[PDB]
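The structure tokens that follow cover one protein chain in two forms, given apart as structure 1 and structure 2.
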Structure 1
């Protein structure tokens, strides 16, 4: 019969539509898991980038300190020399200096310079070590931000895939309801026809 084969086609169409809704549902769950996973990776990468920013800030502060140490030492030595000179035989000390006094004085001054240079060289070396660590930390930062940025991208993709799959699910759900109602109404019609057709036989 031409009827009973349109009912059969509808049984099949409703079955297909439901199977596809289910398959889209399973896809949704997998996208969901990938988005949740992607969000954990954003978080851990954000924390690593935060720790890298802290390292960098700490390293820059050590450099500022090293610089301050150099400025302070230079000033201490400059003050030492200036105080010695002001209270010395060229200024405040008015009495005669023998040849030996003069020689002691320049040798003291030469000694002070040599000592000052040795201390400053050490401070300059230390400063250099701080500038290096800052460079190291600045790069470890750049890597960490990059890594955080890449995690955000992965998340954004996973969010887009999931949103699209839910878009498909929603439309498939409408199709299912439509085919269901239509399959219902076809059987109803067929039944109705059978009752009428029997009522007169």
Structure 2
């Protein structure tokens, strides 16, 4: 069993495994690079979805303030005998107009709240895609280091076997010369 032809075939089988592990390391390094890019695009989308949410939140803040400012005019307006009959007459004359102004502002406010609601869902989806992109980059990095350690382990086994084949071939050429000289 301990023939040089068998030892050479053993190095050839070990070296084929080493070649396969090298091929897997290169392919998995490409996966880590692809995943690294996907993380950056998903993080950009999540940052852009946060800007859309901040813009919509500010618009809600403005719409709420416009309703408060309309209510403040109506309240300050309401706040002498003939002068109080005149205040009530004026307020009752503009009452339905004040209701229509307020209804318009309330509808505008709900429309901004609906835009923010859609944006909140888009922010949650973008964050979930950014977290899923990181989960893939982490699963690819961990798979690459596992193939890299199997590769390092196989490279040392191939070096050990090739050193044995080289030493046996060196002993064969030396033994052939000692026999040939006699």
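Positions refer to the first chain, counted from 1. Here the rigid core means the biggest group of C-alpha atoms that line up within 1.5 Å when the two forms are laid on top of each other.
- Here residue 187 counts as shifted, since its C-alpha moves by at least 2 Å between structure 1 and structure 2 after the core is aligned.
- If you fit the rigid core between structure 1 and structure 2, you'll see the Cα of residue 108 move by 2 angstroms or more.
- On rigid-core superposition between structure 1 and structure 2, the C-alpha of residue 76 is found to move 2.3 angstrom.
- Here the rigid core is superposed, and residue 20 then shows its C-alpha moved by 1.1 angstrom between structure 1 and structure 2.
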